[PDB]
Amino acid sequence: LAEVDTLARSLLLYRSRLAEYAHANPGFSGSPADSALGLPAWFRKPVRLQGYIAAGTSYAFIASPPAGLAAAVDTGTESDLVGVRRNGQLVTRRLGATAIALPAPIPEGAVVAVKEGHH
C-alpha cells in the first residue's frame, strides 16, 4: 500500500547532503543547487522536495505533502535533543521548552541528552 517510504528516504537522503554542505559552507543560507550538493547522480530530486540552510541548520521539506509522509519521515529518523529537567519539560536553548515524557529517575535540574530509535 504505502511506499511514501521511498519518498521519506529521499527527503532524509536529501537532508543528509544538505547538512554535509553546511559543514563546508559556514555563514550561508540557501538552496545550495543540486550540483554543489553531491547527490548520487542516479537520484532525481522530486521538485517539491526543497531545502534551506539558515544560519546553519538544514531544513528539508515537502510543502503539499502526501498524507502518510509525516509518519514515514518521523519513523526513518531518530530525534536527538539536549537540555535540563524543568519541570517535567525539557529546557533547551535555541529551541524553547519541549514536553517529552521524562522518565521517573531524572531529577529536576539534571543535564539530559535524549535519543530515539527507528523501526
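Note that residue numbering begins at 1 and tracks the sequence as displayed.
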query: 12-20 set against 96-104, stretch whose average Cα temperature factor tops the other in the entry; finding: 96-104
query: Greater mean Cα temperature factor according to the PDB record, 86-94 or 58-66; finding: 86-94
query: Chain-wide C-alpha B factor ranking for residue 116, given as lowest, middle or highest third; finding: highest
query: Cα B factor band for residue 74 (lowest, middle or highest third within the chain); finding: middle
query: Modelled-residue ranking by C-alpha temperature factor, third containing residue 35; finding: highest
